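Asker: Attaching a single structure in structure tokens format; questions to follow.
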Amino acid sequence: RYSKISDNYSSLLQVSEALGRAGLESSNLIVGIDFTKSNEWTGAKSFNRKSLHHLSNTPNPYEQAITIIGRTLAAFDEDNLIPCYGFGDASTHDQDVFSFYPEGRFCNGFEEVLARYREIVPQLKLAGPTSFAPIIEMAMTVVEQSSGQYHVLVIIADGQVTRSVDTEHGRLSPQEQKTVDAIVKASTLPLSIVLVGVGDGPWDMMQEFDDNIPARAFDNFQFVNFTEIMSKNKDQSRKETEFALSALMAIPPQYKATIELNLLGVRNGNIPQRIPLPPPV
Ligand SMILES: [Mg+2]
Ligand code: NA
């Protein structure tokens, strides 16, 4: 499906213009980066046995994903300010996020996101386990504080939410329970959630994850497998557009939904204010 579309897009500019014609207007970007220790070994097949956070003169999957999503959504960003958070390191585990800059200062453009990412990475202690509840809750807080302006949260992660040891008897882990609850609660806000999977995974349980999310007023969640798309044997510029479209083509209908539901521009009033920890640097 997305492959059939992207075959006719030669640049990210074309993808951006398409999102514009599909109804996307002023749109804000929030980025959450997975800093769990698993990043050390999930690059086995996908990244030459290097850490997914390994820095060099070639961008790692995080930098690549940021660049592609950043370039595509930049035209819709009126203030060009991108709240950025890390999670899954030793300072946050599955309980918190930390802001890329002290006092929660937003990054100025995706270029600064990239630069500041490279500054922070070598000073982190990677940990775990994996939950997306703190980063989704942080996004909720930002949306509410902005008085209900539309946001797209892009989570870039190298694993699914941590499962229960007793998952085979139908039990959810706290990480799963709180993450699913956050996804549902987020649908009461003008917020779209995109989970970008990098590394080896496994990612084969995501469609079933998606299928089991409880009923929401609109479908506010998308998973996209960066690795699978960028591993294809086809043109590089064409892999980029396919990724951008796969990650973002559902955003304009979601945006339209936040308008039809009258979520846009209003404060919900039931959003706990999550505080981001300082960057542990
Ligand atoms: Mg991980
Ligand atoms: Na913005």
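Just remember, in the structure tokens the first chain shown is A, the second B, etc., residues are 1-based per chain, and ligands are 1-based in the order shown.
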I need the residues of segment 32-263 of chain A that end up classed as strand (DSSP E) by DSSP on the backbone, written out as a ChimeraX atom specification.
Answerer: /A:32-34,81-82,84-87,98-99,107-108,151-157,191-197,221-225
Asker: Would you write out those residues with C-alpha atoms, as a CSV table (one decimal), in the first residue's frame?
Answerer:
```
chain,number,residue,atom,x,y,z
A,32,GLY,CA,10.9,10.9,22.3
A,33,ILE,CA,14.1,8.9,22.1
A,34,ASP,CA,14.5,5.3,23.5
A,81,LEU,CA,10.3,24.5,18.3
A,82,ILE,CA,10.5,20.8,19.0
A,84,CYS,CA,12.5,16.5,22.8
A,85,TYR,CA,12.8,13.9,25.6
A,86,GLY,CA,14.8,10.8,26.4
A,87,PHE,CA,13.6,7.7,28.3
A,98,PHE,CA,14.2,13.8,30.7
A,99,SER,CA,14.2,16.9,28.5
A,107,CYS,CA,15.0,22.4,20.5
A,108,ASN,CA,15.0,25.0,17.7
A,151,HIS,CA,0.9,17.8,18.1
A,152,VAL,CA,2.5,14.8,16.5
A,153,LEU,CA,4.5,12.7,19.0
A,154,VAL,CA,7.2,10.7,17.3
A,155,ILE,CA,8.5,7.9,19.6
A,156,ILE,CA,11.6,6.2,18.2
A,157,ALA,CA,12.3,2.9,20.0
A,191,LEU,CA,-2.4,14.5,19.6
A,192,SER,CA,-1.2,12.0,17.1
A,193,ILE,CA,1.2,9.2,18.1
A,194,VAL,CA,3.7,7.6,15.8
A,195,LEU,CA,5.9,4.8,17.1
A,196,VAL,CA,8.9,4.3,14.9
A,197,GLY,CA,10.6,0.9,15.3
A,221,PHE,CA,-1.7,5.6,17.1
A,222,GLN,CA,0.5,4.3,14.2
A,223,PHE,CA,3.4,1.9,14.3
A,224,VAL,CA,6.0,2.1,11.5
A,225,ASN,CA,8.9,-0.2,11.0
```
Asker: Residues near segment 132-141 of chain A, anyone? I mean within 6 Å using only C-alpha atoms, not counting same-chain ones fewer than 5 positions away, as a PyMOL selection string.
Answerer: chain A and resi 96+178-179+182+273-274
Asker: Considering only C-alpha atoms, state which residue in the set A:36, A:8, A:254, A:16 is at the smallest distance from residue 121 of chain A.
Answerer: A:36
Asker: Between A:15, A:229, A:65, A:217, which is the closest to residue 257 of chain A once you count only C-alpha atoms?
Answerer: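 Using only C-alpha atoms, residue 257 of chain A sits closest to A:217.
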Asker: Which residues form the shell of 8 Å around ligand 1 when you count only C-alpha atoms and all ligand atoms, given as an mmCIF file with N, CA, C and O atoms, in the first residue's frame?
Answerer:
```cif
data_model
loop_
_atom_site.group_PDB
_atom_site.id
_atom_site.type_symbol
_atom_site.label_atom_id
_atom_site.label_comp_id
_atom_site.auth_asym_id
_atom_site.auth_seq_id
_atom_site.Cartn_x
_atom_site.Cartn_y
_atom_site.Cartn_z
ATOM 1 N N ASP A 34 14.273 6.530 22.706
ATOM 2 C CA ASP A 34 14.535 5.337 23.499
ATOM 3 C C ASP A 34 16.023 5.172 23.791
ATOM 4 O O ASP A 34 16.821 5.023 22.862
ATOM 5 N N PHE A 35 16.394 5.174 25.074
ATOM 6 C CA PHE A 35 17.797 5.038 25.456
ATOM 7 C C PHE A 35 18.005 3.809 26.342
ATOM 8 O O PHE A 35 18.753 3.858 27.325
ATOM 9 N N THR A 36 17.312 2.722 26.000
ATOM 10 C CA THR A 36 17.409 1.471 26.753
ATOM 11 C C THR A 36 18.659 0.710 26.327
ATOM 12 O O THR A 36 19.179 0.908 25.218
ATOM 13 N N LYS A 37 19.119 -0.170 27.208
ATOM 14 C CA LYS A 37 20.395 -0.859 27.017
ATOM 15 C C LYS A 37 20.339 -1.853 25.867
ATOM 16 O O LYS A 37 21.367 -2.198 25.278
ATOM 17 N N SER A 38 19.132 -2.295 25.533
ATOM 18 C CA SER A 38 18.942 -3.222 24.422
ATOM 19 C C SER A 38 19.470 -2.662 23.104
ATOM 20 O O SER A 38 19.858 -3.416 22.216
ATOM 21 N N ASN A 39 19.515 -1.336 22.989
ATOM 22 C CA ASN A 39 20.080 -0.685 21.811
ATOM 23 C C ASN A 39 21.483 -1.195 21.483
ATOM 24 O O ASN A 39 21.926 -1.123 20.335
ATOM 25 N N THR A 42 20.485 -4.766 19.516
ATOM 26 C CA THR A 42 19.435 -4.883 18.497
ATOM 27 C C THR A 42 19.906 -4.355 17.151
ATOM 28 O O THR A 42 19.124 -4.252 16.212
ATOM 29 N N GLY A 88 14.294 5.668 29.269
ATOM 30 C CA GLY A 88 14.836 4.324 29.268
ATOM 31 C C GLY A 88 16.298 4.277 29.682
ATOM 32 O O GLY A 88 16.892 3.196 29.748
ATOM 33 N N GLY A 128 16.536 0.490 31.339
ATOM 34 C CA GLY A 128 15.235 -0.031 30.943
ATOM 35 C C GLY A 128 14.344 0.018 32.170
ATOM 36 O O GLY A 128 14.660 0.729 33.124
ATOM 37 N N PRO A 129 13.224 -0.717 32.159
ATOM 38 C CA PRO A 129 12.667 -1.499 31.053
ATOM 39 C C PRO A 129 11.974 -0.557 30.076
ATOM 40 O O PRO A 129 12.262 0.629 30.105
ATOM 41 N N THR A 130 11.064 -1.062 29.248
ATOM 42 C CA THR A 130 10.452 -0.246 28.194
ATOM 43 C C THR A 130 8.968 0.048 28.439
ATOM 44 O O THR A 130 8.125 -0.869 28.480
ATOM 45 N N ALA A 157 11.999 3.942 18.970
ATOM 46 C CA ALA A 157 12.283 2.948 19.993
ATOM 47 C C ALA A 157 12.821 1.654 19.381
ATOM 48 O O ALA A 157 12.601 1.399 18.198
ATOM 49 N N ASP A 158 13.541 0.850 20.168
ATOM 50 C CA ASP A 158 14.131 -0.365 19.607
ATOM 51 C C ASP A 158 13.486 -1.620 20.177
ATOM 52 O O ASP A 158 13.990 -2.729 20.005
ATOM 53 N N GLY A 159 12.364 -1.456 20.858
ATOM 54 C CA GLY A 159 11.633 -2.624 21.307
ATOM 55 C C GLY A 159 10.204 -2.315 21.657
ATOM 56 O O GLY A 159 9.847 -1.160 21.908
ATOM 57 N N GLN A 160 9.390 -3.363 21.679
ATOM 58 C CA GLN A 160 8.006 -3.247 22.102
ATOM 59 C C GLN A 160 7.996 -2.990 23.613
ATOM 60 O O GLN A 160 8.996 -3.231 24.300
#
```
Asker: Residues up to 9 Å from ligand 2, counting only C-alpha atoms and all ligand atoms: could you list those as a PyMOL selection string?
Answerer: chain A and resi 26-30+74+76-83+149-151
Asker: Considering only C-alpha atoms, can you say which of A:270, A:258, A:233, A:11 comes closest to residue 72 of chain A?
Answerer: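 Once distances to residue 72 of chain A are computed over only C-alpha atoms, the minimum belongs to A:11.
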Asker: Just how far from atom CA of residue 102 of chain A is atom CA of residue 124 of chain A, in Å to one decimal?
Answerer: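 It comes out at 15.1 Å.
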Asker: Leaving out residue 148 of chain A and any residue of its chain fewer than 6 positions from it, which residues lie within 9 Å of it when counting only C-alpha atoms, given as a list in words?
Answerer: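 Answer for this query is residues 142, 189, 190, 191, 263, 264, 265, 266, 267 and 268 of chain A.
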Asker: Find the residues around residue 214 of chain A up to 9 Å (only C-alpha atoms counted), leave out those fewer than 6 positions away in its own chain, and share them as a PDB file with N, CA and C atoms, in the first residue's frame.
Answerer:
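Once written, around08.pdb looks like this:
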```
ATOM      1  N   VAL A 180      -0.888   1.473  27.325  1.00  0.00           N
ATOM      2  CA  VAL A 180      -2.174   1.419  26.652  1.00  0.00           C
ATOM      3  C   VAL A 180      -3.139   2.467  27.220  1.00  0.00           C
ATOM      4  N   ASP A 181      -3.163   2.619  28.542  1.00  0.00           N
ATOM      5  CA  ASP A 181      -3.991   3.648  29.172  1.00  0.00           C
ATOM      6  C   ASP A 181      -3.630   5.048  28.664  1.00  0.00           C
ATOM      7  N   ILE A 183      -2.244   5.818  25.724  1.00  0.00           N
ATOM      8  CA  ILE A 183      -2.693   5.926  24.338  1.00  0.00           C
ATOM      9  C   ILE A 183      -4.172   6.271  24.303  1.00  0.00           C
ATOM     10  N   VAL A 184      -4.963   5.566  25.103  1.00  0.00           N
ATOM     11  CA  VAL A 184      -6.393   5.874  25.153  1.00  0.00           C
ATOM     12  C   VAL A 184      -6.644   7.296  25.688  1.00  0.00           C
TER      13      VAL A 184
END
```
Asker: Quick one: of A:97, A:24, A:126, A:31, who's nearest to residue 62 of chain A, counting only C-alpha atoms?
Answerer: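 Ranking A:97, A:24, A:126, A:31 by distance to residue 62 of chain A, first place goes to A:31.
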Asker: As an exercise, work out the distance from atom CA of residue 213 of chain A to atom CA of residue 69 of chain A in Å and give it to one decimal place.
Answerer: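 Computing it gives 24.7 Å between the two atoms.
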Asker: Take atom CA of residue 170 of chain A and atom CA of residue 89 of chain A and report the distance between them in Å, one decimal.
Answerer: 28.4 Å
Asker: Name the residues in contact with residue 70 of chain A at a cut-off of 8 Å, using only C-alpha atoms, excluding same-chain residues fewer than 4 positions from it; report them as a list in words.
Answerer: residues 66, 74, 109 and 110 of chain A
Asker: Any chance you could export the current selection's C-alpha atoms as a PDB file, in the first residue's frame?
Answerer:
```pdb
ATOM      1  CA  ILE A  66      14.729  12.132  12.986  1.00  0.00           C
ATOM      2  CA  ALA A  74       9.185  21.224   9.234  1.00  0.00           C
ATOM      3  CA  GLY A 109      14.455  22.947  14.553  1.00  0.00           C
ATOM      4  CA  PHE A 110      15.231  19.274  13.847  1.00  0.00           C
TER       5      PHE A 110
END
```
Asker: Calculated over only C-alpha atoms, which of the candidates A:249, A:73, A:244, A:161 has the smallest distance to residue 209 of chain A?
Answerer: A:161
Asker: Using only C-alpha atoms, which residue out of A:240, A:103, A:63, A:235 lies closest to residue 198 of chain A?
Answerer: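 Going through A:240, A:103, A:63, A:235 one by one, the smallest distance to residue 198 of chain A is for A:63.
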Asker: Residue 47 of chain A: which residues within 12 Å, counting only C-alpha atoms, same-chain residues fewer than 3 positions away excluded, as an mmCIF file with C-alpha atoms, in the first residue's frame?
Answerer:
```cif
data_model
loop_
_atom_site.group_PDB
_atom_site.id
_atom_site.type_symbol
_atom_site.label_atom_id
_atom_site.label_comp_id
_atom_site.auth_asym_id
_atom_site.auth_seq_id
_atom_site.Cartn_x
_atom_site.Cartn_y
_atom_site.Cartn_z
ATOM 1 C CA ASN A 39 20.080 -0.685 21.811
ATOM 2 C CA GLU A 40 23.509 -2.241 22.295
ATOM 3 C CA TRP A 41 22.516 -5.548 20.669
ATOM 4 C CA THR A 42 19.435 -4.883 18.497
ATOM 5 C CA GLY A 43 21.763 -3.609 15.793
ATOM 6 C CA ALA A 44 22.960 -7.171 15.120
ATOM 7 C CA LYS A 50 27.021 -1.666 16.343
ATOM 8 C CA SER A 51 24.941 0.027 19.019
ATOM 9 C CA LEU A 52 21.899 1.690 17.487
ATOM 10 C CA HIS A 53 23.158 4.802 19.282
ATOM 11 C CA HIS A 54 26.685 4.474 17.965
ATOM 12 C CA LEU A 55 28.006 7.816 16.699
ATOM 13 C CA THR A 58 27.245 8.064 9.086
ATOM 14 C CA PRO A 59 23.896 8.642 10.826
ATOM 15 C CA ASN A 60 22.603 5.803 13.009
ATOM 16 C CA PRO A 61 18.929 4.765 12.703
ATOM 17 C CA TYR A 62 17.818 7.363 15.276
ATOM 18 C CA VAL A 198 14.385 0.836 14.668
ATOM 19 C CA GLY A 199 16.798 -2.074 14.988
ATOM 20 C CA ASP A 200 16.133 -5.806 14.782
ATOM 21 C CA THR A 227 14.230 -1.074 9.677
ATOM 22 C CA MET A 230 15.106 0.950 4.918
ATOM 23 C CA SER A 231 16.252 -2.641 4.388
#
```
